[PDB]
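Scroll down for the structure; my scribbles are underneath it.
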Amino acid sequence: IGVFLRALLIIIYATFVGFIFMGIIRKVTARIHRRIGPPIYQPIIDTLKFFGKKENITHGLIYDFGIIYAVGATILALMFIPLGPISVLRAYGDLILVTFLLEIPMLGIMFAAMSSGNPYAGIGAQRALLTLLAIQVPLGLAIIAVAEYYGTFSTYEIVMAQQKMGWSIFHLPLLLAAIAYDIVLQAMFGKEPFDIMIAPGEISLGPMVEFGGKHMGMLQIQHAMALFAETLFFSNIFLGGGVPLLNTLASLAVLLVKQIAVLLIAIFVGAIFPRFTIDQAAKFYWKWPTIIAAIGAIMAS
Amino acid sequence: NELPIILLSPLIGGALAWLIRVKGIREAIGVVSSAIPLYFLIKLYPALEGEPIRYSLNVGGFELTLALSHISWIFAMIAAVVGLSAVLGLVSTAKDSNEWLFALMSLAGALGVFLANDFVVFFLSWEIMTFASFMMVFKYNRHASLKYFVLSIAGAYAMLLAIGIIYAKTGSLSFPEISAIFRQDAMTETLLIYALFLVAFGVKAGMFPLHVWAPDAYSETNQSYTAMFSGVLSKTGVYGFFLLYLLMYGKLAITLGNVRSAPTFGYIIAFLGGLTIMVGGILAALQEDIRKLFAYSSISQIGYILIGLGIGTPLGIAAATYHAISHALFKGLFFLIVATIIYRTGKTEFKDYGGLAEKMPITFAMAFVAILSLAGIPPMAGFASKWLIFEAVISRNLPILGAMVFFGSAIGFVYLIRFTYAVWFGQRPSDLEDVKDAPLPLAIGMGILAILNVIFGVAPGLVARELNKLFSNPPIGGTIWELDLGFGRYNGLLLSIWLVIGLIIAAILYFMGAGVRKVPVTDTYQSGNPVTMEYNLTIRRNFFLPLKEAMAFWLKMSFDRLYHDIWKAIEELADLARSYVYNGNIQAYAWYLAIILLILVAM
Amino acid sequence: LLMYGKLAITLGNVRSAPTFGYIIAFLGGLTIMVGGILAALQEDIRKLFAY
Amino acid sequence: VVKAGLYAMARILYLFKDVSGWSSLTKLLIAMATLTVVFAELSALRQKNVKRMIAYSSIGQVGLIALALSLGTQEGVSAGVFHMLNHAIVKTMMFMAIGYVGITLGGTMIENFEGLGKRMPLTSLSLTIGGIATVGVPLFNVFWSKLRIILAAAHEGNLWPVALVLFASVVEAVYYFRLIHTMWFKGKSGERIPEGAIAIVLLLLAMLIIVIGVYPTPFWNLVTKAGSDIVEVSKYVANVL
C-alpha cells in the first residue's frame, strides 16, 4: 500500500515534470528563431483541452487498446529507472529491460495508428519502423559498451559504481557510447533531424494523423513519459545522480538539472537541422554512429 | 515397458489412420493416437529424479539404447505439446486421407531424436523425420519439395559419414560411452568431424550458407502441419548441436584455440547464427506472401538458440534451451493462426485480404498473445527468452556478436508489424463478407498454447528451476517467480502486476465517457477529401521499398541462385557422363576392358 | 625489443602467429594490396612511385 | 545374375586372403565399385526411358554390394549379403510395375507413363513403395541394409569410398521423386483400366518389404550364420575335408 502511493508519486511527478520539459522544448525552440512562443505551462493546457471534447472516433476494438498499452508501457519504462533514491524497486532495473521498453511505446502509438486505416498512417508507420530498425544498431553497441565497462546490470549497482568512483561521460571507451546515445536520442524522442516518426508537414502527421480528442491526450502523456524515461535512462547510466529530505529533494533537483542538460543539447541540434528521408535515415545509422559505438565496444573489451 | 510405447504410438497413429477412412472417425481416434505421449511423459516425469530410465531392444544387431535424460525430456515435452497443438488443428485443413500417415510419422521421428541416447536410434529417427516432412510437402510445387529433400538427405548422410569416422577411429558405436573416451583423449582429423556435424545440422536450421529449403518447405504446404515443422522439426537441429556439446566440449577447445573468452567453434557457430538472425529478419521484410514471410521468421529465431548454444560453457545452454522452448511454443501458435486465416479465407497473397480482425476476434486475441510473445513484451515468454540470450552474450565478453543479435531483436520486431498491418487492419475487400469465425478444433490448440505461454512468461519459474537442477550444477538460483541470475534478477511477479496496474491507471485516464461515438472506416482523412469504398487506401505492396533500396547491393548476391547453379552443373554433368562412358561403340567398351587390364598389369 | 611476451599474454594469439603481430601484418598485407593497386591508375611520374 | 557374379567374385577373393598383392586387388575393387555407384546412379538423372531409369538404379545398388563384399572380413560382408537378399525383392517390385505398364498401356516412355495416380490402381503404389525403398527413407529394409554398408566402410577404406556411394543416394533421391511426382500428381486422366491380376500378388510382395522393415532381427540373425561361408577359410575347409 506504501509502494502503491510511492509509484503514484513517481507517475504524477513524471507527469507534472515531463509536460513541463516538453514545454521547455517548445520554449527553447521558440527562442531559437526569435519568438516568445508559448508559456512554460503550455502542454498541460494541451492535455487539459484534449480531455474536454464531446465526440470521439474509436475506429475499432483494438484502436483503443494499442495506445492504452503504449501508455502502460511508457509508465512501466520509468518505474524501474532509479529516479533519485526514491525507487519503487532498485533490485532489477537492467539495461535490456529499459532499452526494450522504450521501443514498446513506438509499438502502441503505431499499433493503434494502424487500426484506423489510412495511407498516411500506413506510410507514417512505414517511415517510423525503419527508424526502430536502424536505431538499434548503435543502441545495442552503446549498451554493450556500458555493460563490459562495468559488468553489473542491476542499475542500482551502476549508480553506486559511479558515485563510488569517476563520472561516466569520461573514460573514452564509455564516452564513445555516449555520442552514439546522443545521436540515437533524437530519433528515440522524435526531434527534428531524425524526426520522421512525427514528420509534421512532409507527410500530414504520419502515425498520429487522425486520433481525436482523448487519444491525442493519451499520446501527449505517452510522449512526455517517453521524453522523461529516455532522458532519465541516459542520466542514470551515463551521468549518475544517486544523491533526510533536504538531501533527497536536492538529489532530485540535480537529477533534474542533468535531465535538462542532455535535453538542452537535444534541442540545439533539433532545430537547425532539416527533416531526414527515411532511406537516408536507414543509411546514416550504419555509417557514422555504428563505427563510433563499435570502436567504443572494442575499447571496452 | 513404458518407454518404447511412446515411440511406436505416433507411428501406429500414422498406421491406423489409413485403413479407417470409412466414417468421420479418422479425426477422433487419429488425434488421440498422438495425444497419449503427453500422458505417458508426465506419468514418467517424477521418475526422472530416480536413477535413469532406459531400454535396449537389440534389433538389426544394433544397440538402440533409448534413455531419457533431464533435458531430452524437456525437448520431448515440447515435442508432445507442440505436436499436439498442430495435430488437433490438423483435424481440419486436410481435404484428403493421405495426411495422417506422414504428419504422425513425423512426430514419431520427433520423439525419436529427443529420446535418442544411442546413435542407431538417432539417425533412424532423423531419417524418418526427414522423409515424413518431405512427403508432407511433396503434394504440390515439386521443385520446392525436392530441394528440401536433397539438402536434408545431404545433412543426414553427412552425419552418416561423420558417424562412420567416429565409429572407425574409436571402434565402438555406443553414444553414452563415446563421451567417456573423448574425455580420455581430452588430455587434424577432428576439425572435419565438427564441420561435417555442423553441416549435418545446418540443414535443419537457418544457417546462412544452407537455409534455402526454408523459404520453400515452410512455404506452400499444409499450414496446420507447419506448426510442428518449425516447432519440433527445427528443434532437432538444436538438439543435434547440444548433443555435440554432450559428446565433446573440451576436446574441441584444445585442438581449436579460442579467439576470445568464447571458444572458437562456439564462436563460429554463433557468428553464423548471428548472420542467420540478420538475414532471416531482413528477408522477412520484402517477402509479400503469408507463409514465405513466416519461413524467414522461423529461421530468424533459430539463430538466437545457436548464439546462446554457441558461446559460454555456463548458462549458454541454460539460456538457449529456454529460448528454444519459448520460440517453438509460440511459433506453433503463429503457424496455427496463419493456417486458420488461410483456411477460413481464400487465396494466399497479401493482395487478397486486409482488415480481417473483426470477423474473427478469437483469432485476433489468441495471436495478440503471440504478438506479445515475440520481440520482447514483459508479461510474455518472448521477453524472458530474448533477455536470457542477451544475458549469455555479455558474460564471456563479445561486442561484435552482441550487435547482430540485438539488431535481430529489432528486425524481429519489424516484420511482425508488417504482418499485423496488411492482414489484420485497414479496410476489408468485398470478397471477405462470406467468411465465418474460427472453428473450435483449431481454437483448442490456440487456447492450449496461449495458457501455456502465459504460465511460461509471467513466471520463469517452473521450467527454469527444472532445467537448472539435475543438469550442470546451478548457474541460476531461481524460484517460482523470480529468476535470480548471478548479476541480474528479472522478476515476473512485480513486472507483470506493474503492467496491469499501469494499464489500470492508463484506463483511468481514458475510461471517462464524454462521448465515445463509433465511426465507419470508409470515411477517413485522405488529406481532407472524399474517399469511397473502391479506393485501395491500405498499403499492401512490398511495404519496405527504402529498406530494399538501402541494401540493394547486399541482395544482389543471393544463395538461391548459387545452389541452383551448382545443381544444374551436377545435372548437366549427369548428361555428360551418360554420353561419354556409355556409348554405342562396342570398341569403346573393349578399350575400357583393355585399360583396366592395363591397370592390372601395373599392379 | 621493448616487449614481445608481455604483449602476447594480454592479447591471446589468433593462430600460431601472435595477434598483435597478426594485426600489424594484416594491415601490412592490406598495405601491399592498396599500394600496388593505386600504383597502376596513377598517371604521374612520382605519384606512381609514392605508392 | 548380378548377385551370383558378385558373390562368386567375393567368394574366390576371400579364398586367397593371405597372399601379397591381394591388398592392391581389393583396393582396386573398392575403387571400381565406388566408380560404379556414382556413374550408374548419376546417369539416370537426365534419363528419358523409365525402364532405363530403373536399369541404371539396379547397377548402382550392386556396386555398393561390391563395396562391402571386398573391404575387410566382417561387420559388412555378413551385412553385404543383407543387401543381396534384400535388393532382389525391391528390384523384383520395380520391374514388375514397369513391365505391367509396358504391357498394359504400351512402351516405357514417360509420355505414356505419365498419369498413373487415378488411372492405374495400386500397382503404381507398388512402384511408389519400391522407389521409396532404394534411398531407404522410412523404417524400411534398404535403409537398414545401406546403413550396414556405410558403417561397414569405416575401419578400412574410409570417407572417400563413403562420400561417393553416399553421394549417389543423394542423386538417386532426385530421379525417383522426379518420377513419383509425374505419376501421382500430374495425371489429369481418369481411365480406370482394371488390372486386378497382380493387384494382390505384387502387393503381398509389397507387404513382404514392410515386415522386414519393422522386424530385421528375425532376419539379421540369419546372415550372421550365413556370413560364415565367406568370412573365413578354416571352418569352411574343415567342413569339407
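Summary table
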| read-out | value |
| --- | --- |
| Failed condition for D:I198, given (1) under 30 Å from B:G171 (Cα atoms); (2) part of a loop (DSSP other than H, G, I, E, B); (3) more than 9 Å from chain B (Cβ to nearest Cβ); (4) out of contact with any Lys or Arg (no Cβ under 9 Å at 6 or more places or on another chain) | (1) |
| Residue in the stretch A:76-97 that is touching a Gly at 6+ places or on another chain (Cβ under 8 Å), within 14 Å of chain B (Cβ to nearest Cβ) and not in a loop (DSSP other than H, G, I, E, B) present | yes |
| Tally, over the stretch A:1-59, of residues that are buried (at least 16 other Cβ atoms within 10 Å of the Cβ) and among the aliphatic types (A, V, I, L, M) | 12 |
| Unmet criterion (only one of (1) buried (at least 20 other Cβ atoms within 10 Å of the Cβ); (2) part of a helix (DSSP H, G or I)) for A:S168 | (2) |
| Filter pass, A:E210 being surrounded by fewer than 24 Cβ atoms within 10 Å (Cβ to Cβ), assigned to a loop (DSSP other than H, G, I, E, B) and in contact with a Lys or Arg (Cβ under 7 Å, 6 or more places away or on another chain) | no |
| Every pair of residues 6+ apart whose Cβ atoms lie under 8 Å, when the first sits in the stretch A:46-58 and is at the interface with chain B (Cβ under 8 Å from one of its Cβ atoms) and within 29 Å of B:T522 (Cβ to Cβ) while the second is acidic (D, E) and assigned to a helix (DSSP H, G or I) | A:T58/A:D64 |
| So B:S496, is it under 30 Å from A:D94 (Cα atoms), surrounded by 10 or more Cβ atoms within 10 Å (Cβ to Cβ) and of a type in the set (S, T, Y) | yes |
| Test: residue in the stretch D:42-49 that is surrounded by fewer than 24 Cβ atoms within 10 Å (Cβ to Cβ) and either more than 14 Å from chain B (Cβ to nearest Cβ) or in a helix (DSSP H, G or I) (or both) | no |
| Residue match in the stretch A:134-143 (condition: in contact with a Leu (Cβ under 6 Å, 6 or more places away or on another chain) and closer than 20 Å to A:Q259 by Cα) | yes |
| Any hit, the stretch B:38-56, residues being within 14 Å of chain D (Cβ to nearest Cβ) and under 29 Å from B:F471 (Cα atoms) | yes |
| Scope the stretch B:489-530; condition over 30 Å from B:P429 (Cβ atoms), of a type outside the set (A, V, I, L, M, F, W, C), more than 7 Å from chain A (Cβ to nearest Cβ) and in a loop (DSSP other than H, G, I, E, B); matching residues | B:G492, B:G513 |
| Test set (1) at the interface with another protein chain (Cβ under 9 Å from one of its Cβ atoms); (2) within 15 Å of the chain's Cα centre (by Cα) - A:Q126 fails condition number | (2) |
| Every residue from the stretch B:549-566 that is facing another protein chain (nearest Cβ under 10 Å) and in a helix (DSSP H, G or I) | B:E549, B:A550 |
| Condition met for A:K27 (of a type in the set (K, R), closer than 26 Å to A:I260 by Cβ and in contact with a helix residue (DSSP H, G or I) (Cβ under 9 Å, 6 or more places away or on another chain)) | yes |
| Residue satisfying condition, being more than 11 Å from every other protein chain (Cβ to nearest Cβ), over 20 Å from the mean Cα position of the chain (by Cα) and not in a loop (DSSP other than H, G, I, E, B), within set B:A180, B:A162 | B:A180 |
| Selected residue [surrounded by fewer than 24 Cβ atoms within 10 Å (Cβ to Cβ) and in a helix (DSSP H, G or I)] from A:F268, A:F233, A:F273, A:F228 | A:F268 |
| Elements of type helices (runs of 4 or more DSSP H) in the stretch D:134-183, at least 3 residues being within 7 Å of chain B (Cβ to nearest Cβ) and either of a type outside the set (V, I, T) or out of contact with any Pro (no Cβ under 9 Å at 6 or more places or on another chain) (or both) | D:141-152, D:165-172 |
| Residues that are more than 8 Å from every other protein chain (Cβ to nearest Cβ) and basic (K, R), drawn from the stretch B:100-146 | none |
| Failed item, numbered, when B:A550 is tested on (1) loosely packed, with under 12 Cβ neighbours inside 10 Å; (2) under 51 Å from the mean Cα position of the chain (by Cα) | (1) |
| Inter-residue pairs, beta-carbon under 6 Å, first more than 22 Å from D:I150 (Cα to Cα) and in the stretch B:163-190, second aliphatic (A, V, I, L, M) and part of a helix (DSSP H, G or I), 6+ apart | B:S179/B:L247 |
| Matching residues, the stretch B:110-143, being hydroxyl-bearing (S, T, Y) and within 23 Å of B:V212 (Cβ to Cβ) | B:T130, B:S133, B:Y140 |
| Residues of the stretch A:59-72 that turn out to be more than 8 Å from chain B (Cβ to nearest Cβ) and closer than 22 Å to A:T231 by Cα, as a count | 2 |
| Any hit, the stretch D:213-228, residues being assigned to a helix (DSSP H, G or I), in contact with a helix residue (DSSP H, G or I) (Cβ under 9 Å, 6 or more places away or on another chain) and buried (at least 19 other Cβ atoms within 10 Å of the Cβ) | yes |
| Residues being over 22 Å from D:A153 (Cα atoms), facing chain D (nearest Cβ under 7 Å) and aliphatic (A, V, I, L, M) - total across the stretch B:147-159 | 1 |
| Filter result for the condition that a residue is within 18 Å of B:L160 (Cα to Cα), assigned to a helix (DSSP H, G or I) and over 13 Å from the mean Cα position of the chain (by Cα), over D:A68, D:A97 | D:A68 |
| From the options A:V159, A:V137, residue that is away from chain B (no Cβ under 12 Å) and among the aliphatic types (A, V, I, L, M) | A:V159 |
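Residue-wise test of (1) acidic (D, E); (2) surrounded by fewer than 23 Cβ atoms within 10 Å (Cβ to Cβ); (3) under 16 Å from the mean Cα position of the chain (by Cα).
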| position | (1), (2), (3) |
| --- | --- |
| D:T134 | no, no, yes |
| D:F140 | no, no, yes |
| D:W144 | no, no, yes |
| D:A163 | no, yes, no |
| D:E172 | yes, no, yes |
| D:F177 | no, yes, no |
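Every residue, every condition in (1) more than 23 Å from D:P161 (Cβ to Cβ); (2) buried (at least 21 other Cβ atoms within 10 Å of the Cβ), yes or no:
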{"residue": "B:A132", "(1), (2)": "yes, yes"}
{"residue": "B:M135", "(1), (2)": "yes, yes"}
{"residue": "B:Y140", "(1), (2)": "yes, no"}
{"residue": "B:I153", "(1), (2)": "no, yes"}
{"residue": "B:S172", "(1), (2)": "no, no"}
{"residue": "B:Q184", "(1), (2)": "yes, no"}
{"residue": "B:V199", "(1), (2)": "no, no"}
{"residue": "B:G206", "(1), (2)": "yes, yes"}
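Residue-by-condition table, conditions (1) within 27 Å of B:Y353 (Cα to Cα); (2) assigned to a loop (DSSP other than H, G, I, E, B):
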position	(1), (2)
B:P378	no, yes
B:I400	no, no
B:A450	yes, no
B:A464	no, no
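Positions of Cβ are generated from backbone atoms using ideal geometry, with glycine treated the same way; all protein chains shown enter the neighbour counts. Every read-out reported here was derived from the displayed coordinates using simple, explicitly stated rules and does not represent laboratory data.
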